[PDB]
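Here the structure is laid out as structure tokens; the discussion comes afterwards.
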Amino acid sequence: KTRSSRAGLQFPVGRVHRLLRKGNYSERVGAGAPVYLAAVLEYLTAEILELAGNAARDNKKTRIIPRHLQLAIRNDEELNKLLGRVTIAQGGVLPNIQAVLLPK
Amino acid sequence: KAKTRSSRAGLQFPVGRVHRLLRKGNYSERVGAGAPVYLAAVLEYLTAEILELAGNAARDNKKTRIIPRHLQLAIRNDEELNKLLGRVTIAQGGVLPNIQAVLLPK
Amino acid sequence: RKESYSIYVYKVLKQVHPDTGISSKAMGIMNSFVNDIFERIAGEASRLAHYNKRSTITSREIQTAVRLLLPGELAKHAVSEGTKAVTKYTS
Amino acid sequence: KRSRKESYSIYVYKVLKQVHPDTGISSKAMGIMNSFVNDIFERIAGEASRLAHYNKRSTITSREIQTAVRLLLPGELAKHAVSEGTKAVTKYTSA
Amino acid sequence: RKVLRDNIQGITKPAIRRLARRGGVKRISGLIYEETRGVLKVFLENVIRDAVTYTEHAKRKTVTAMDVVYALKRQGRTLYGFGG
Amino acid sequence: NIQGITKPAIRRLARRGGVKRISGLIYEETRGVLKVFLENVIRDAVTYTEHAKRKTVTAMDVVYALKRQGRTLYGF
Amino acid sequence: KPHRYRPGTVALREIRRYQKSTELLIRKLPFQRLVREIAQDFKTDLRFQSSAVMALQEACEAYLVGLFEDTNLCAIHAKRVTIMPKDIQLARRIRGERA
Amino acid sequence: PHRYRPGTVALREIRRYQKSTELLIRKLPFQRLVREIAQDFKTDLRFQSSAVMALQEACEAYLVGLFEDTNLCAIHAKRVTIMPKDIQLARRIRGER
DNA sequence: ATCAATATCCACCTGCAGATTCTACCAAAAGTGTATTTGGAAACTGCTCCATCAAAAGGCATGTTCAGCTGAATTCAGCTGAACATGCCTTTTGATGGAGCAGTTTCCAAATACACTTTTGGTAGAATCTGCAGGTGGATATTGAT
DNA sequence: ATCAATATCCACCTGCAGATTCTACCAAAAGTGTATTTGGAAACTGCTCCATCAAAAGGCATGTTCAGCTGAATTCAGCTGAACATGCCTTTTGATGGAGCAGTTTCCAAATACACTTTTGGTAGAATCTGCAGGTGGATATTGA
Ligand SMILES: [Mn+2]
């Protein structure tokens, strides 16, 4: 009967709703907000996990580490935009070398 | 009789407004009584700082009325105020004159 | 005490990649991401409310905020899921 | 059907006379002033909320404002800020 | 009314010139003009998009100055003098 | 102490950065900017701790301070 | 003579001139059309407040003036006095607008 | 004997490091640096072992980044050797100064 | 462009321990049932403000000429910074132990929140002012040709 | 080494559009009487955090050689600035119609407020497990001949 199952989401809607109340974001929190936010947070996670998987899978590892995540985030143009100001610990940088630096 | 709370602290800025705006702002659940004054005082001060430097700019330019240009100059000439308002742009502010060294004749 | 989204991220991870698993550190990175977005979406949402002299945040406020915070396809898909989960929850 | 919106205009002006009696400010400049006041107002209160929230406090003390000011204001400006506030508060409580 | 199109060329060369002068630039390459326009067009889009989004949330058919201001703030390009 | 930041280390940092040739002057210079980074981050960091009243700088204090500086950090 | 000013001399004169004044360099009517065109594409039949269009024009001009200074420093840095798209593009890259 | 031409190892270094994520700066010296800086602000402070990492992670991440920008400025001036001159520009453009 | 002789990477291989993930259960929340407040959607409709259009006009944007001087190309070489073999010591790391100290309770006196009622302090028109914007002119440079 | 040639500067001028004042209502602080919390304030832990203390081993500091990178100096093709001539269209001014904010009212659909009853998600052990980490053996990438 969890409100989350009703919306069919893995993320805790209750948690989000309780978090919204204690946040001071507003006077009153609509019932639809919690599921919506919670929902939106789920998808985003989904999106990044999937790409890391690939990174992980691509690297030959069955376990995701920060590097996989950074690779995934930075290779994707849109995800980069969203987390441009953020920095992942142990993320390293994508491997890029200027053309001119290469031997001619 | 009746006394304004600001007068109690001897400020020009409206402590009642600052307190009420803090309440309605959802910044916190409880707003102490000291905070509104403390804050109200901080802005008053900052306002006087900015007004001070502009004034001179107006006098420097032989104007008895402060216009934006003076504010921009005030804010950009002072190192610290500049910093505080680094990301901001003043409408009609213009820019501090500055020609690059290399660009000049010789 | 000391609650984290760690448990939830794992489930989501399993759907997309049953075969894969996530390190402790990477998990933390994921928790941080969730939190930031959460704070970022909620913040804006709050502002939409205030700018409009509203005293309550509708799911709509969460959505409009999502259109400003997320770009292109990320936004589209993001907006859809929200409306979809809401339409289903209400039913 | 009046629709009265308030501004810090009256207050900025009083302060303008304090620093320079002879000087005056224009409409366009006033607007700029109100914005400055409002901007700074939001920074301190918003940044003050964070302090309170980070420490699981349910109330914003005059103290939290101060700590926010230190973070928000740079150098001497910050120092003077704190001074003027504390003065105001100490004076207020003592009355 | 009248159909609007290719108004981005409204931003003349002298005007782009003038903007550069105030910027302190003494010499300007010819390719600059068209490039500038490009950047300007992008700036506007991004700021107007948000602006109008704030308008759409309000349901108003008019974009007030505020809309523009709130917009600019999000963009980290805060503006003083119009609505707050 | 700032000299703890050895020249070869700085050279390494630059590599990951994509640099191939480093002037000999950079080092002191790379050292200087670094010193500044911490000064600004820690300062705001401590202020947060002091408001807290703790005598220990949590990993958290740093995070909050980094966000204020705009240099957001994940994983701690 | 005809009296003529050596090249670059006037540019220096313009620089001193426009930096002192605060008026908007771009022509008001054309900007407005541009702003109304772009906005029309996002939402049809929108209406703009006289003050809203100004706001937009102030921020734009400000942005560009600002971009030009940085660009100028990139030009001076590359040993050239002439700004170039190569400069603008770099400047924005460093700014992070589009790395 | 065999000697690697100049700049060959450099590129070997670049390729190598970008591949690994480990922090390059020596941990103890850094922590020593941090404590020193922290003391000017407050005395007898204590740091969570984790608190230092955050600090170190941030600095190396920032420093690595600064160099990327530094390079573009050095490349942009027709050079291939980063100079203090380049660093300042990148920072001046960034708004740090 | 090979030939050849270094030094490097680079898969294929393969062993246990530092992590991961799975278990086994208890306070903290979340979900429910009821009972109330109330926020703001719908329904007018006053009425600014925005869109438009007509007109005259000169501020300026365009195009074209010309040729000054900057950007780009070359060439050279002095010397800065990579590559390295070298010799040595500060960083690692690993417990070990003690304690400064985050983090919990548990009351509670001081400080806030509420709920109503007065009481001014502001804000939005008017009535009155007055810097200063927009011109004019000489004095004062600053430039660029000789 | 000169000097017209032109633009830039500064003070004087003067009505008028943009202040400064001047006033009446009334929205919202201020004053009071209670009804709740709140964050400290002593006591006390269980811990993370300093301190040594102790070996070794990478990792850092150095003095060497010289390869090729950055700067300086020389050139000159032609890109871009300065001037005019032309006449297009952005400005100014003002008039109107009416789309569409916004202030009011009206009141249900929705959110908030407890009192409990349940279920879940964080912890601390308990039972697996992916990689770190070396370790060959073999093209690969460099560089000199
Ligand atoms: Mn169109």
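By convention in this document, the chains of the structure tokens carry letters A, B, ... by their order, each chain's residues are numbered from 1, and ligands are numbered from 1 in the order they are shown.
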**OP:** Determine which residues of chain G receive a DSSP assignment of strand (DSSP E or B), computed from the backbone, and state them as a list in words.
**Re:** residues 47, 48, 82 and 83 of chain G
Subject >> Exercise answer, 7 Å around ligand 1 with only C-alpha atoms (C1' of nucleotides) and all ligand atoms, as an NGL selection string >> reply: (:E and (4-5)) or (:G and (37-38 or 40-41))
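Rounded to one decimal, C1' of residue 31 in chain I and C1' of residue 116 in chain J lie 10.7 Å from each other.
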Subject >> Within 8 Å of chain F: residues of chain D, using only C-alpha atoms, as a count of residues only >> reply: 6
Original post:
What gap, in Å, lies between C1' of residue 66 in chain J and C1' of residue 143 in chain J?
Top reply: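 One can read the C1' of residue 66 in chain J to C1' of residue 143 in chain J distance as 15.9 Å.
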Original post:
How many Å separate CA of residue 46 in chain H from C1' of residue 49 in chain J?
Top reply: 7.2 Å
Pull the closest atom pair for each residue of range 41-86 of chain A that gets at most 12 Å from range 86-96 of chain G, along with the distance in Å to one decimal, counting only C-alpha atoms, ordering rows by chain and then ascending residue number, as JSON lines.
```
{"residue": "A:80", "atom": "CA", "partner": "G:96", "partner_atom": "CA", "distance": 11.7}
{"residue": "A:81", "atom": "CA", "partner": "G:96", "partner_atom": "CA", "distance": 10.3}
{"residue": "A:84", "atom": "CA", "partner": "G:96", "partner_atom": "CA", "distance": 8.8}
{"residue": "A:85", "atom": "CA", "partner": "G:96", "partner_atom": "CA", "distance": 9.5}
```
Just the selected residues (N, CA and C atoms), exported as a PDB file, in the first residue's frame, please.
```pdb
ATOM      1  N   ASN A  80      26.567  16.300 -18.835  1.00  0.00           N
ATOM      2  CA  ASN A  80      27.692  17.157 -18.524  1.00  0.00           C
ATOM      3  C   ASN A  80      27.098  18.508 -18.152  1.00  0.00           C
ATOM      4  N   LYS A  81      26.253  19.039 -19.031  1.00  0.00           N
ATOM      5  CA  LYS A  81      25.630  20.331 -18.794  1.00  0.00           C
ATOM      6  C   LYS A  81      25.025  20.390 -17.398  1.00  0.00           C
ATOM      7  N   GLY A  84      27.832  20.249 -14.759  1.00  0.00           N
ATOM      8  CA  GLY A  84      29.039  20.966 -15.132  1.00  0.00           C
ATOM      9  C   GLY A  84      29.824  21.560 -13.971  1.00  0.00           C
ATOM     10  N   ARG A  85      29.128  22.199 -13.034  1.00  0.00           N
ATOM     11  CA  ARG A  85      29.758  22.818 -11.862  1.00  0.00           C
ATOM     12  C   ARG A  85      30.157  21.823 -10.772  1.00  0.00           C
TER      13      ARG A  85
END
```
**OP:** Considering only C-alpha atoms (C1' of nucleotides), return as a count of residues only whatever protein or nucleic-acid residues lie within 6 Å of range 19-34 of chain B, sequence-local ones (same chain, fewer than 2 positions apart) excluded.
**Re:** 13
Original post:
For chain F, which residues have at least one atom within 10 Å of chain C, if we go by only C-alpha atoms? Write them as a list in words, please.
Top reply: residues 72, 73, 74, 75 and 76 of chain F
**OP:** Can you check which residues of chain H DSSP gives as alpha helix (DSSP H) on the backbone and send them as a ChimeraX atom specification?
**Re:** /H:8-19,27-41,49-76,84-94
**OP:** Residues of chain G no more than 10 Å from chain B, counting only C-alpha atoms: send them over as a PyMOL selection string.
**Re:** chain G and resi 8-9+11-12+15-24+54-55+57-59+62-63+65-66+69+72-73+76+79-81
Select, as a JSON list (two decimals) with C-alpha atoms, in the first residue's frame, those residues of chain A with any atom no more than 12 Å from chain I (distances computed using only C-alpha atoms (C1' of nucleotides)).
```
[["chain", "number", "residue", "atom", "x", "y", "z"],
["A", 1, "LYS", "CA", 0.00, 0.00, 0.00],
["A", 2, "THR", "CA", 3.12, 2.20, 0.08],
["A", 3, "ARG", "CA", 2.29, 5.45, -1.68],
["A", 4, "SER", "CA", 5.35, 4.73, -3.83],
["A", 12, "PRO", "CA", 10.61, 6.82, -1.30],
["A", 13, "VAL", "CA", 7.77, 9.21, -1.98],
["A", 14, "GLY", "CA", 7.09, 9.44, 1.73],
["A", 15, "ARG", "CA", 10.73, 10.37, 2.31],
["A", 16, "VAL", "CA", 10.56, 13.11, -0.30],
["A", 17, "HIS", "CA", 7.26, 14.43, 1.09],
["A", 18, "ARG", "CA", 8.67, 14.43, 4.64],
["A", 19, "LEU", "CA", 11.80, 16.05, 3.25],
["A", 27, "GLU", "CA", 4.08, 26.82, 3.28],
["A", 28, "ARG", "CA", 2.20, 23.73, 2.04],
["A", 29, "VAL", "CA", 3.29, 20.74, -0.08],
["A", 30, "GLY", "CA", 0.91, 19.37, -2.69],
["A", 62, "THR", "CA", 30.95, -5.91, -13.04],
["A", 63, "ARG", "CA", 31.18, -3.32, -10.25],
["A", 64, "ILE", "CA", 30.80, 0.43, -10.88]]
```
**OP:** Can you pull out every residue within 12 Å of residue 89 in chain I, counting only C-alpha atoms (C1' of nucleotides), but drop anything in the same chain fewer than 3 positions away, and send it as a list in words?
**Re:** residues 56, 57, 58, 59, 60 and 61 of chain J
**OP:** Select all residues from chain I having any atom no more than 10 Å from an atom of chain C (counting only C-alpha atoms (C1' of nucleotides), ignoring ligands), output as a list in words.
**Re:** residues 19, 20, 21, 27, 28, 39 and 40 of chain I
I need the chosen residues saved as a short mmCIF file (atom, residue, chain, number, x, y, z; two decimals), in the first residue's frame, with N, CA and C atoms (P, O5', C5', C4', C3', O3' and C1' of nucleotides).
```
data_model
loop_
_atom_site.label_atom_id
_atom_site.label_comp_id
_atom_site.auth_asym_id
_atom_site.auth_seq_id
_atom_site.Cartn_x
_atom_site.Cartn_y
_atom_site.Cartn_z
P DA I 19 39.40 -1.79 1.75
"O5'" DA I 19 37.91 -2.02 1.23
"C5'" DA I 19 37.33 -3.31 1.21
"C4'" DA I 19 36.44 -3.47 -0.01
"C3'" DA I 19 35.10 -2.75 0.10
"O3'" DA I 19 34.62 -2.41 -1.21
"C1'" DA I 19 34.75 -5.09 0.19
P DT I 20 33.11 -1.89 -1.41
"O5'" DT I 20 32.48 -2.96 -2.41
"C5'" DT I 20 32.48 -4.32 -2.04
"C4'" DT I 20 31.32 -5.05 -2.69
"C3'" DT I 20 29.98 -4.33 -2.54
"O3'" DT I 20 29.12 -4.64 -3.66
"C1'" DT I 20 30.02 -6.25 -1.12
P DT I 21 27.53 -4.44 -3.53
"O5'" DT I 21 27.05 -5.79 -2.85
"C5'" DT I 21 27.53 -7.04 -3.32
"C4'" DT I 21 26.77 -8.18 -2.70
"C3'" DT I 21 25.28 -7.85 -2.57
"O3'" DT I 21 24.51 -9.05 -2.67
"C1'" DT I 21 26.20 -8.02 -0.42
P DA I 27 13.99 -1.38 20.15
"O5'" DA I 27 14.52 0.10 19.88
"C5'" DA I 27 13.65 1.24 20.01
"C4'" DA I 27 14.01 2.29 18.98
"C3'" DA I 27 13.00 3.41 18.84
"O3'" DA I 27 13.67 4.60 18.40
"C1'" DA I 27 12.94 2.03 16.91
P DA I 28 12.83 5.93 18.06
"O5'" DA I 28 12.83 5.96 16.47
"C5'" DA I 28 14.02 5.82 15.71
"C4'" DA I 28 13.71 6.09 14.26
"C3'" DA I 28 12.87 7.36 14.11
"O3'" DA I 28 13.19 8.05 12.90
"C1'" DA I 28 11.54 5.47 13.56
P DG I 39 -4.62 29.78 3.61
"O5'" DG I 39 -3.98 29.37 2.22
"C5'" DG I 39 -3.47 28.06 2.04
"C4'" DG I 39 -3.74 27.55 0.64
"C3'" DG I 39 -3.37 28.56 -0.44
"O3'" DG I 39 -2.96 27.87 -1.63
"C1'" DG I 39 -5.72 28.29 -0.41
P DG I 40 -2.50 28.71 -2.92
"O5'" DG I 40 -3.83 28.75 -3.79
"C5'" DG I 40 -4.34 27.57 -4.40
"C4'" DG I 40 -5.40 27.95 -5.40
"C3'" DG I 40 -4.90 29.08 -6.30
"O3'" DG I 40 -5.64 29.04 -7.52
"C1'" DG I 40 -6.60 29.90 -4.94
#
```
**OP:** Tell me, as a ChimeraX atom specification, which residues lie within 12 Å of range 92-101 of chain I, counting only C-alpha atoms (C1' of nucleotides); anything in the same chain fewer than 2 positions away does not count.
**Re:** /F:53-57 /H:26-28,44-46 /I:90,103 /J:44-59
Would you write out, as a tab-separated table, a table of all residues in chain E that have an atom no more than 7 Å from an atom of chain B, listing for each the closest atom pair and the distance in Å to one decimal, considering only C-alpha atoms and ordering rows by chain and rising residue number?
```
residue	atom	partner	partner_atom	distance
E:24	CA	B:99	CA	5.7
E:26	CA	B:103	CA	6.8
E:76	CA	B:87	CA	6.9
E:77	CA	B:87	CA	6.4
E:78	CA	B:88	CA	4.9
E:79	CA	B:89	CA	5.3
E:80	CA	B:90	CA	5.1
E:81	CA	B:91	CA	5.9
```
Original post:
Near residue 2 in chain B, counting only C-alpha atoms (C1' of nucleotides), which residues have an atom at most 10 Å away, once you skip same-chain residues fewer than 6 positions from it, shown as a VMD selection string?
Top reply: (chain I and resid 119 to 120) or (chain J and resid 30 to 31)
